[PDB]
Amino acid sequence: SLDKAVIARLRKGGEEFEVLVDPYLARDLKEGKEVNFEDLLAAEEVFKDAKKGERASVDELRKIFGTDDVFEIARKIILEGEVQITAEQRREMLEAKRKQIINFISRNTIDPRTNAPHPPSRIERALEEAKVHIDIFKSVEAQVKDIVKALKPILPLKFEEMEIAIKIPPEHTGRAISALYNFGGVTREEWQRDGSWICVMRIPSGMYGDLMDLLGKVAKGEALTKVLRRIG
């Protein structure tokens, strides 16, 4: 457990405080995700020096932090202090967050020229071309508008959604409906008396081609669709 933990540290009131944490769950906490605090800490203790094992006293924690709750002090140390992740952990977390940003951009934007998504490897090249800084302690949603703005000089792209009305003939509902719910975005669904089924899919516009491919498979080319609206 403790070859795996890293130090998170904070100076407060002229004293140094440290906790020993799982670096991957500390990143999740800094990004804003819910975290199980029993897995996050390698020891339910606040240290003055985690390496020498010097523990902060209850009286000192009460004086400085106004509380003795180790979990709540650990949260403050991690959010306001520095997490000493290793260089290799930082590289691994950076590569993973970059991948998620690229995929999110690919799925949720379209090229205004061609009205189609760019491939992930096109977004990746543009990220490097633009020298985009990626923040491993922020969620995708928290940083993807800024990134997309930095990309627009070299790669035009725009966030857009579509609403698409769908009708599935009775013959194909068994396969089609389940597939559509799993794809996501089903709204205003309604069974019809003749066995057919209708809905309005609300999807990211860069998912349009995937949705049409899906309907070709699950409805054998028999589904009827109508583009209702594009939403910028």
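Numbering starts at 1 and runs along the sequence shown.
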Worksheet entry | Comparing 146-154 with 78-86, the one whose average Cα B-factor in the PDB entry is higher | 146-154
Fill in: Entry-level comparison of average CA B-factors, 17-25 and 208-216, reporting the higher stretch
208-216
Discussion item. Comparing recorded Cα B-factors across 107, 113, 97, 91, which one is largest?
Written reply: 113
Discussion item. Among the choices 38, 59, 45, 49, identify the one whose CA B-factor in the record is greatest.
Written reply: 38
Worksheet item: Going by the entry, which third of its chain does the Cα temperature factor of residue 134 land in?
Response: middle
Item to complete: Among all modelled residues of this chain, ranked by Cα B factor, put residue 54 in the bottom, middle or top third, i.e. lowest, middle or highest.
Response: middle
Discussion item. What third of the chain does residue 189 rank in for C-alpha temperature factor, lowest, middle or highest?
Written reply: middle
Worksheet item: If you rank every modelled residue in this chain by C-alpha B factor, which third holds residue 168: lowest, middle or highest?
Response: middle
Item to complete: Name the third of the chain's ranked CA B-factors that contains residue 180, choosing lowest, middle or highest.
Response: middle
